[PDB]
Amino acid sequence: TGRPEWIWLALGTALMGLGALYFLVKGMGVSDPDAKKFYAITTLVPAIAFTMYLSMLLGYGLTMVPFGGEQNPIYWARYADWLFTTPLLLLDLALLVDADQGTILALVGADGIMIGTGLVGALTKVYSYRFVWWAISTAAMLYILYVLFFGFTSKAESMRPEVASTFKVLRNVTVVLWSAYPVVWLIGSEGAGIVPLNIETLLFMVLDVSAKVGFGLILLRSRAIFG
Ligand SMILES: *C/C=C(C)/C=C/C=C(C)/C=C/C1=C(C)CCCC1(C)C
């Protein structure tokens, strides 16, 4: 096939794999129970991303959805990735500030809605309705971000500055990166079709890698993960 976006898919696969292995190696050397916890969660994130990037690289996770008078290429494998990686990242943040079970449940649920409606919208055949689903998915993301900024930050204040400071950074990277996804979707292949798929794939790999390996590197190198 040789689609123009394959190089970005290859680069995404490469970076997710390397990040996974490094986390795995670093994770199985640590003896601390809590640290192990964070390591297992944070290693799984890029591990899942790797498998999906690899699949997409190999020609799977791609479907032609008709709308706008065109046969649009929609990479659905992405949602198969995010469905499990986004809530896991959320869990990492939750465990960090000792969030309550109710909060976590609500965050993971909002996250499920976000990815769920997101895919439904990415698959919808009525052009205008694609944006209705997109709209609901974004509303869910804003809820998650609101909670992370207003809820979590507040509880991270019962933690040690080292932990509060680590969370702030992770929270910040998350707010900035996550905020970008809906915009990429809106102007890319799933939306307005303004930004071409190859470029679109590039933007997604940068955000994905930053949000997983970037996030992991920051979290795992901190002393805040220790019991
Ligand atoms: C490793 C992957 C990460 C951190 C992915 C984050 C993804 C989002 C915040 C995605 C958000 C979306 C919307 C707000 C609406 C349209 C569809 C999505 C799923 C692209």
# chains A, B, ... in the order shown; residues from 1 in each chain; ligands from 1
>>> residues_near_ligand(ligand="ligand 1", cutoff="6 Å", atoms="only C-alpha atoms and all ligand atoms", output="PDB file with N, CA, C and O atoms, in the first residue's frame")
ATOM      1  N   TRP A  82      -6.495   4.323  22.750  1.00  0.00           N
ATOM      2  CA  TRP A  82      -6.937   5.283  23.755  1.00  0.00           C
ATOM      3  C   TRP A  82      -7.966   4.769  24.764  1.00  0.00           C
ATOM      4  O   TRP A  82      -7.995   5.225  25.907  1.00  0.00           O
ATOM      5  N   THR A  85      -5.478   3.246  27.221  1.00  0.00           N
ATOM      6  CA  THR A  85      -4.351   4.066  27.639  1.00  0.00           C
ATOM      7  C   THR A  85      -4.745   5.350  28.355  1.00  0.00           C
ATOM      8  O   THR A  85      -4.093   5.737  29.326  1.00  0.00           O
ATOM      9  N   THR A  86      -5.809   6.010  27.899  1.00  0.00           N
ATOM     10  CA  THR A  86      -6.225   7.244  28.554  1.00  0.00           C
ATOM     11  C   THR A  86      -6.680   7.021  29.995  1.00  0.00           C
ATOM     12  O   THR A  86      -6.306   7.790  30.882  1.00  0.00           O
ATOM     13  N   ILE A 115     -13.955   8.481  24.545  1.00  0.00           N
ATOM     14  CA  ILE A 115     -13.447   7.625  23.476  1.00  0.00           C
ATOM     15  C   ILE A 115     -14.575   6.955  22.702  1.00  0.00           C
ATOM     16  O   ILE A 115     -14.490   6.782  21.479  1.00  0.00           O
ATOM     17  N   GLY A 118     -16.331   9.488  20.637  1.00  0.00           N
ATOM     18  CA  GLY A 118     -15.310   9.881  19.681  1.00  0.00           C
ATOM     19  C   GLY A 118     -15.287   8.949  18.476  1.00  0.00           C
ATOM     20  O   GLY A 118     -15.317   9.402  17.331  1.00  0.00           O
ATOM     21  N   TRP A 134     -18.564  14.456  18.197  1.00  0.00           N
ATOM     22  CA  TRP A 134     -17.297  15.099  18.523  1.00  0.00           C
ATOM     23  C   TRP A 134     -17.523  16.077  19.672  1.00  0.00           C
ATOM     24  O   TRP A 134     -16.718  16.161  20.603  1.00  0.00           O
ATOM     25  N   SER A 137     -17.995  14.239  22.950  1.00  0.00           N
ATOM     26  CA  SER A 137     -16.724  13.665  23.367  1.00  0.00           C
ATOM     27  C   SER A 137     -15.847  14.738  24.002  1.00  0.00           C
ATOM     28  O   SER A 137     -15.192  14.491  25.013  1.00  0.00           O
ATOM     29  N   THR A 138     -15.837  15.925  23.404  1.00  0.00           N
ATOM     30  CA  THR A 138     -15.043  17.034  23.926  1.00  0.00           C
ATOM     31  C   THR A 138     -15.566  17.502  25.286  1.00  0.00           C
ATOM     32  O   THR A 138     -14.782  17.822  26.183  1.00  0.00           O
ATOM     33  N   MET A 141     -14.223  15.345  27.824  1.00  0.00           N
ATOM     34  CA  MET A 141     -12.806  15.613  28.070  1.00  0.00           C
ATOM     35  C   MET A 141     -12.613  16.834  28.957  1.00  0.00           C
ATOM     36  O   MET A 141     -11.709  16.870  29.803  1.00  0.00           O
ATOM     37  N   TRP A 178      -3.811  16.744  25.899  1.00  0.00           N
ATOM     38  CA  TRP A 178      -5.180  16.291  25.694  1.00  0.00           C
ATOM     39  C   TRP A 178      -6.020  17.339  24.979  1.00  0.00           C
ATOM     40  O   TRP A 178      -6.810  17.008  24.101  1.00  0.00           O
ATOM     41  N   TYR A 181      -5.930  17.085  21.071  1.00  0.00           N
ATOM     42  CA  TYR A 181      -6.582  16.032  20.307  1.00  0.00           C
ATOM     43  C   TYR A 181      -7.884  16.408  19.600  1.00  0.00           C
ATOM     44  O   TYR A 181      -8.062  16.097  18.421  1.00  0.00           O
ATOM     45  N   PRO A 182      -8.815  17.071  20.306  1.00  0.00           N
ATOM     46  CA  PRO A 182     -10.074  17.447  19.654  1.00  0.00           C
ATOM     47  C   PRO A 182      -9.871  18.385  18.471  1.00  0.00           C
ATOM     48  O   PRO A 182     -10.593  18.304  17.478  1.00  0.00           O
ATOM     49  N   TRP A 185      -8.549  16.403  15.491  1.00  0.00           N
ATOM     50  CA  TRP A 185      -9.682  15.644  14.971  1.00  0.00           C
ATOM     51  C   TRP A 185     -10.593  16.534  14.117  1.00  0.00           C
ATOM     52  O   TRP A 185     -10.997  16.163  13.013  1.00  0.00           O
ATOM     53  N   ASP A 208       0.726  11.552  21.091  1.00  0.00           N
ATOM     54  CA  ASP A 208       0.696  10.246  21.741  1.00  0.00           C
ATOM     55  C   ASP A 208       2.001   9.931  22.464  1.00  0.00           C
ATOM     56  O   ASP A 208       1.988   9.549  23.629  1.00  0.00           O
ATOM     57  N   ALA A 211       2.533  12.324  25.385  1.00  0.00           N
ATOM     58  CA  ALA A 211       1.580  12.003  26.443  1.00  0.00           C
ATOM     59  C   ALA A 211       1.773  10.661  27.150  1.00  0.00           C
ATOM     60  O   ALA A 211       1.227  10.447  28.239  1.00  0.00           O
ATOM     61  N   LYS A 212       2.537   9.762  26.540  1.00  0.00           N
ATOM     62  CA  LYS A 212       2.786   8.448  27.131  1.00  0.00           C
ATOM     63  C   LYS A 212       4.225   8.262  27.597  1.00  0.00           C
ATOM     64  O   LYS A 212       4.478   8.050  28.784  1.00  0.00           O
TER      65      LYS A 212
END
>>> closest_atom_pairs(of="segment 86-154 of chain A", to="segment 24-47 of chain A", cutoff="9 Å", atoms="only C-alpha atoms", output="tab-separated table")
residue	atom	partner	partner_atom	distance
A:86	CA	A:45	CA	8.2
A:88	CA	A:41	CA	6.5
A:89	CA	A:42	CA	7.3
A:91	CA	A:41	CA	8.2
A:92	CA	A:38	CA	6.5
A:95	CA	A:38	CA	8.2
A:96	CA	A:38	CA	8.8
>>> residues_around(residues="segment 49-58 of chain A", least_positions_apart="4", cutoff="9 Å", atoms="only C-alpha atoms", output="ChimeraX atom specification")
/A:5-17,20,44-45,62,75,77-78,80-82,85,208-209,212
>>> residues_around(residues="residue 68 of chain A", least_positions_apart="2", cutoff="8 Å", atoms="only C-alpha atoms", output="MDAnalysis selection string")
chainID A and resid 66 70 127
>>> atom_distance(atom1="atom CA of residue 176 of chain A", atom2="atom CA of residue 148 of chain A")
12.1 Å
>>> atom_distance(atom1="atom CA of residue 108 of chain A", atom2="atom CA of residue 151 of chain A")
14.6 Å
>>> select_by_dssp(residues="chain A", states="helix (DSSP H, G or I)", output="MDAnalysis selection string")
chainID A and resid 6:27 33:57 77:97 101:123 127:158 161:187 197:220 223:225
>>> atom_distance(atom1="atom CA of residue 194 of chain A", atom2="atom CA of residue 121 of chain A")
17.1 Å
>>> closest_residue(among="A:171, A:199, A:207, A:180", to="residue 94 of chain A", atoms="only C-alpha atoms")
A:171
>>> select_by_dssp(residues="chain A", states="strand (DSSP E or B)", output="PDB file with N, CA, C and O atoms, in the first residue's frame")
ATOM      1  N   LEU A  62      -7.756   0.449   9.928  1.00  0.00           N
ATOM      2  CA  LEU A  62      -8.112   1.488   8.972  1.00  0.00           C
ATOM      3  C   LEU A  62      -9.408   1.145   8.267  1.00  0.00           C
ATOM      4  O   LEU A  62      -9.591   0.023   7.795  1.00  0.00           O
ATOM      5  N   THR A  63     -10.312   2.111   8.198  1.00  0.00           N
ATOM      6  CA  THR A  63     -11.574   1.883   7.525  1.00  0.00           C
ATOM      7  C   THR A  63     -11.990   3.121   6.739  1.00  0.00           C
ATOM      8  O   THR A  63     -11.702   4.256   7.133  1.00  0.00           O
ATOM      9  N   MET A  64     -12.640   2.882   5.605  1.00  0.00           N
ATOM     10  CA  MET A  64     -13.125   3.944   4.740  1.00  0.00           C
ATOM     11  C   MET A  64     -14.554   4.273   5.140  1.00  0.00           C
ATOM     12  O   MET A  64     -15.452   3.442   5.006  1.00  0.00           O
ATOM     13  N   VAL A  65     -14.760   5.488   5.632  1.00  0.00           N
ATOM     14  CA  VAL A  65     -16.079   5.931   6.045  1.00  0.00           C
ATOM     15  C   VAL A  65     -16.571   6.952   5.026  1.00  0.00           C
ATOM     16  O   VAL A  65     -15.867   7.911   4.712  1.00  0.00           O
ATOM     17  N   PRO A  66     -17.773   6.738   4.466  1.00  0.00           N
ATOM     18  CA  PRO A  66     -18.289   7.691   3.482  1.00  0.00           C
ATOM     19  C   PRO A  66     -19.009   8.901   4.071  1.00  0.00           C
ATOM     20  O   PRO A  66     -19.867   8.770   4.940  1.00  0.00           O
ATOM     21  N   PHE A  67     -18.637  10.079   3.587  1.00  0.00           N
ATOM     22  CA  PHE A  67     -19.247  11.334   3.998  1.00  0.00           C
ATOM     23  C   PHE A  67     -18.557  12.469   3.253  1.00  0.00           C
ATOM     24  O   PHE A  67     -17.420  12.325   2.806  1.00  0.00           O
ATOM     25  N   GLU A  70     -16.999  11.796  -0.130  1.00  0.00           N
ATOM     26  CA  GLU A  70     -15.742  11.056  -0.245  1.00  0.00           C
ATOM     27  C   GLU A  70     -15.727   9.761   0.553  1.00  0.00           C
ATOM     28  O   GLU A  70     -16.579   9.528   1.411  1.00  0.00           O
ATOM     29  N   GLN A  71     -14.739   8.926   0.253  1.00  0.00           N
ATOM     30  CA  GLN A  71     -14.533   7.663   0.950  1.00  0.00           C
ATOM     31  C   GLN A  71     -13.380   8.020   1.884  1.00  0.00           C
ATOM     32  O   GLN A  71     -12.211   7.917   1.509  1.00  0.00           O
ATOM     33  N   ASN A  72     -13.705   8.447   3.097  1.00  0.00           N
ATOM     34  CA  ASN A  72     -12.670   8.875   4.026  1.00  0.00           C
ATOM     35  C   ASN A  72     -11.972   7.803   4.846  1.00  0.00           C
ATOM     36  O   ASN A  72     -12.608   6.931   5.434  1.00  0.00           O
ATOM     37  N   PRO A  73     -10.633   7.862   4.883  1.00  0.00           N
ATOM     38  CA  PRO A  73      -9.774   6.933   5.618  1.00  0.00           C
ATOM     39  C   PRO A  73      -9.783   7.271   7.106  1.00  0.00           C
ATOM     40  O   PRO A  73      -9.249   8.297   7.519  1.00  0.00           O
ATOM     41  N   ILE A  74     -10.398   6.401   7.902  1.00  0.00           N
ATOM     42  CA  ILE A  74     -10.486   6.602   9.339  1.00  0.00           C
ATOM     43  C   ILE A  74      -9.722   5.512  10.085  1.00  0.00           C
ATOM     44  O   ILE A  74     -10.058   4.331   9.985  1.00  0.00           O
ATOM     45  N   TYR A  75      -8.686   5.910  10.816  1.00  0.00           N
ATOM     46  CA  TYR A  75      -7.897   4.965  11.597  1.00  0.00           C
ATOM     47  C   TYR A  75      -8.604   4.704  12.923  1.00  0.00           C
ATOM     48  O   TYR A  75      -8.435   5.451  13.888  1.00  0.00           O
TER      49      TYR A  75
END
>>> residues_around(residues="residue 110 of chain A", least_positions_apart="4", cutoff="8 Å", atoms="only C-alpha atoms", output="JSON, numbers by chain")
{"A": [106, 114, 140, 141, 143, 144]}
>>> closest_residue(among="A:190, A:157, A:100, A:162", to="residue 225 of chain A", atoms="only C-alpha atoms")
A:162
